[PDB]
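Comments concern the structure below.
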Amino acid sequence: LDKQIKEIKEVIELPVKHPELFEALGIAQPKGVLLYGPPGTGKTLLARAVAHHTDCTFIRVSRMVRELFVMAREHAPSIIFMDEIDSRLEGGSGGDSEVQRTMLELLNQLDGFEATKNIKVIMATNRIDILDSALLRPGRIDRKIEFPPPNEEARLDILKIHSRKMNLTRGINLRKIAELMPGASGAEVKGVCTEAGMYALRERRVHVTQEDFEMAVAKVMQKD
Amino acid sequence: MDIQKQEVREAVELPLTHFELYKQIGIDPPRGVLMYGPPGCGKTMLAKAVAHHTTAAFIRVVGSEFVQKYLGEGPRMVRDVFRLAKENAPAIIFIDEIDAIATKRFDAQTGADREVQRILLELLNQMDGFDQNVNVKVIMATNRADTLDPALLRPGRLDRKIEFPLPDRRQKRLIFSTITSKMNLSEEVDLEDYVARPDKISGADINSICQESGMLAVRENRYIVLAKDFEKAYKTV
Amino acid sequence: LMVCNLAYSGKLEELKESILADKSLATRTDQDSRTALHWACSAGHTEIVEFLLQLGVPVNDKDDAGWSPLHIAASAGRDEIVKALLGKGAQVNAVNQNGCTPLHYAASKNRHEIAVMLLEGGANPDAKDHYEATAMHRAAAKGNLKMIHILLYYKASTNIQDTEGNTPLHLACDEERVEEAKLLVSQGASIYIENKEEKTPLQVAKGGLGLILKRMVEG
């Protein structure tokens, strides 16, 4: 995910080294960013990893939708990410329109007036509310970063990060085993590893070979 | 079948018979197993089979075990069970019917249920803190998935969601064989209309229905049970 | 009664001396409308039913529900008892409590000889019960391939609509029987009939088995 972190450095890595001179920087920093696509890798590992490099608090959403907004009002400097909401008018669109009003007043506070510096959040949307939320957000003040499925170059490094945590043989080729993991997104590789450790357990071996990873490839390709 | 017995088998009993392997076999928290399906009886023969395949302690606590006037008895009971579990032996906690104790609430008329669901949040964070070397298993079974709290269904906590099919053909064959194996074997007794009819009219406790059929076949005028007390036992209960 | 123990336990000389001493005991029944023929056929004794049928006991003696002894001999798996009851002229299409026939219960035990003797005497191959289900639904519901095959030796139908609208192919695919589905389809099964749930036999089969079902239909 080198392209995703390279494109997110300006979004999350920007308030890291210079949190105080935002009043001096008059380049109109964007208020939030959205990442649409299969939430394989980038919903928790990216936000908690780059936010773990920021060394700041990480508040999550996880009617009961207003007390967390008051807590977000108290602890304003943080990284808030939508995780539970990412799943004709009617009463259900009025109750949902209460949260639409919550994000409209998040654009009225964030875009209204900067109370405290370092207010940067990340959106998450993958359903019809892409055309509805995008119908209500005509790209006026919003960072548009496209979230593509992880390519092969995004599979070698996510395979390394998701391979260092467990055992690995010294005679495996990451090129072919990375090119032989198709499907939805980067969570499929996590399906190969997490669904391969059970075969390493069943086989009763100290390490994992490339043939076991190929078996997990066949498993995830039969589950897709 | 064998899907549920295999998934609970290798996902449940294989990690149970291994100590401190969690951070060496590809660390994951598949500690929560959730079952579903109102029409299937369940929760009895699976718990018996677990209690026979393994020889350890078992904490059978139906969800309504802490519904009392004392709101503070909850954390004392589940905390004593937690400490005796982590200290004595890796037991298995059977939490049943989470629908009545896993429902959202906004008003304060039912403040007892909100207080015990805040206890459920307390142990919901304790299980997050107990991710390192916890000596207990937490299985779960529910019959309603509409009003469940989103915190339980969040990944990492309940990573096992098994389902029950409406036709329990293999469970009917095993539940009739397990009762006819001890009872007198009649060559007239058929199992095809009694494996095809419960496909339409499905129900629970079929073994208890066979026991009631034996209680109707204890008249001593009929030496072995037959279809009369089978279909009669069906139409009665 | 006492003749229930005599015919149940297989007392030869006690039952012979009991009938020769009191001929009324043969016609006497218990409180469940079950004569000695039902106990000696449920027990599988040959000589006792040869003596009772030798004296000329009515073969169509039905109980309170309607269970004829031919269902007991058919489900009993004893070929000789079927030879005796069919020799005396038993009703091959006797109606029991649930409207079934001895073909369903002879098919339940996977007895080929009983099925050949019953169907040879003039039994209906497409005999439907109260639920409009034939022997192929149950034999396919357990996995009796050769029973369905010997049912196809008499030119039986393979598209009997069940009480829910399920053909024998629906129950064969629901039982996860590949060879049985390929044989029924290869012998004239219909894949276009739908049940009350509006589900085709292709959708009922899991793992992409409908593609090879229709592949064998067109091939």
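Note that we place each Cβ from the backbone using ideal geometry, even for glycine, and neighbour counts take in every protein chain shown. Please treat every number below as a calculation from the coordinates, not as lab data.
So here's what we get for this one:
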item: Pairwise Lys count, segment B:76-196 - Cα closer than 26 Å, eight or more residues apart or different chains; result: 7
item: Efficiency of FRET from Cβ geometry, C:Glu113 and B:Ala151, R₀ 60 Å, rounded to 0.05; result: 0.40
item: Label-point separation, C:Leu20 to B:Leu71 (7 Å along Cα→Cβ), nm; result: 8.9
item: Mean residue ellipticity (222 nm) of chain B, computed from DSSP H runs ≥ 4 via -39,500 (n - 2.57), nearest 500; result: -11500 deg cm²/dmol
item: Alpha carbon centroid spacing (whole Å) that separates segment A:1-48 from segment A:142-169; result: 17
item: Two-decimal ratio, segment A:25-79, of alpha-carbon radius of gyration to 2.2 N^0.38 Å; result: 1.34
item: Farthest positive-ward along the protein assembly as shown dipole, Cα basis, beta-carbon charges - from B:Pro30, A:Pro15, A:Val65; result: A:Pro15
item: Per-pair calculated FRET efficiency, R0 = 45 Å: B:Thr103 and B:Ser181 via Cβ, rounded to 0.05; result: 0.60
item: Phi to ³J(HN,Hα) by Karplus 6.51 cos²θ - 1.76 cosθ + 1.60 over segment A:154-164, Hz, x for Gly, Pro; result: 7, 9, 5, 6, 6, 6, 6, 5, 8, 10, 5
item: Percent RCO, i.e. relative contact order, over chain B, from Cα pairs under 8 Å lying at least 6 residues apart; result: 27
item: Filter on B:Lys5/C:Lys206; A:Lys9/A:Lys120; C:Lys88/C:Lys146 - keep pairs with C-alpha separation over 24 Å; result: C:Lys88/C:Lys146
item: Neighbour net charge for A:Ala124 - beta-carbon separation under 9 angstrom, K R +1, D E -1; result: -1
item: From the C-alpha gyration tensor of the protein assembly as shown, square roots of 5λ in Å; result: 66, 30, 25
item: Alpha carbon Rg of segment A:142-214, scaled by the compact-globule rule 2.2 N^0.38 Å; result: 1.21
item: Dipole magnitude of segment A:166-224 about its Cα centre (Cβ charges: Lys, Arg +1; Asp, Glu -1), debye to nearest 20; result: 180
item: Average beta-carbon neighbours from other chains, 10 Å sphere, peptide B:221-227; result: 6
item: Dipole of chain A [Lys/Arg +1, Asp/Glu -1 at C-beta], most positive-end residue of A:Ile5, A:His207, A:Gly32; result: A:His207
item: Projected area, mean over directions - chain C, Cα convex hull, nm²; result: 12.7
item: Alpha-carbon centroids, segment A:115-135 and segment C:23-78: separation in whole Å; result: 81
item: Three principal axis lengths of segment A:1-122 [C-alpha, angstrom, descending]; result: 45, 34, 24
item: Ratio of Rg to Rh over segment C:148-194 (Cα coordinates, Kirkwood Rh, two decimals); result: 0.94
item: Among C:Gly121, C:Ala84, C:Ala94 - extreme Cα towards positive end, dipole of segment C:57-133, charges at beta-carbon; result: C:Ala84
item: Cubic angstrom per residue, convex hull over Cα atoms of segment C:77-184; result: 84
item: Rounded to the nearest 20 debye, dipole of chain B from Cβ charges on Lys, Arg, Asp, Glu; result: 180
item: 10 Å Cβ neighbours from other chains, averaged over peptide B:20-33; result: 3
item: Counted charge near C:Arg34, where neighbours are those whose Cβ lies closer than 14 Å (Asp, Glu -1; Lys, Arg +1); result: -3
item: Normalised convex hull volume, chain B, alpha-carbon set, Å³ per residue; result: 166
item: Residue-count net charge about B:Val237 - beta-carbon cut-off 14 Å; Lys, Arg +1, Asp, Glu -1; result: -2
item: Computed E for B:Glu87/B:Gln6 - FRET, C-beta separation, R0 25 angstrom, nearest 0.05; result: 0.20
item: Under the Debye formula (equal points on every Cα, no solvent term), log10 I(q)/I(0) of segment B:118-198 at q = 0.11, 0.13 Å⁻¹; result: -0.57, -0.67
item: From the C-alpha gyration tensor of segment C:1-51, square roots of 5λ in Å; result: 14, 13, 9
item: Residues whose placed amide H lies under 5 Å from that of B:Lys137, excluding near-sequence neighbours; result: B:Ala91, B:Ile92, B:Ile93
item: Using θ = phi - 60° and Karplus 6.51 cos²θ - 1.76 cosθ + 1.60, couplings along segment A:28-38 (whole Hz; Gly, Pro as x); result: 6, 4, x, 7, x, 9, 10, 9, 9, x, x
item: Shape call, chain A: gyration tensor on alpha carbons, a/c limit 1.5; result: prolate
item: Alpha carbon centroid spacing (whole Å) that separates segment B:168-237 from segment C:93-156; result: 22
item: Simple Cβ-charge dipole of chain A, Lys/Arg +1 and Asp/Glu -1, about Cα centre, in debye nearest 20; result: 580
item: Equivalent ellipsoid, segment A:107-178 (semi-axes from 5 times Cα gyration tensor eigenvalues, Å); result: 39, 17, 9
item: Helix-only mean residue ellipticity at 222 nm for chain C, each DSSP H run of n ≥ 4 adding -39500 (n - 2.57), per residue, nearest 500; result: -14500 deg cm²/dmol
item: Near-label residues of segment C:113-131 by backbone N, under 13 Å of a point 7 Å along Cα→Cβ of C:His149; result: none
item: Within straight-line cross-link reach of A:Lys219, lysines at Cα separation under 16 Å, skipping those fewer than 8 residues along the same chain; result: A:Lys190
item: Ranked A:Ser163, C:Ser108, criterion: other C-beta atoms within 10 Å, fewest first; result: A:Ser163, C:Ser108
item: Pairs from B:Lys200/C:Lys182; B:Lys228/C:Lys109; B:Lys235/C:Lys155; C:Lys23/C:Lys83; C:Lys23/C:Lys62; A:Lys3/A:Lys117 whose Cα-Cα separation, in the structure shown, is over 29 Å; result: B:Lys235/C:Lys155
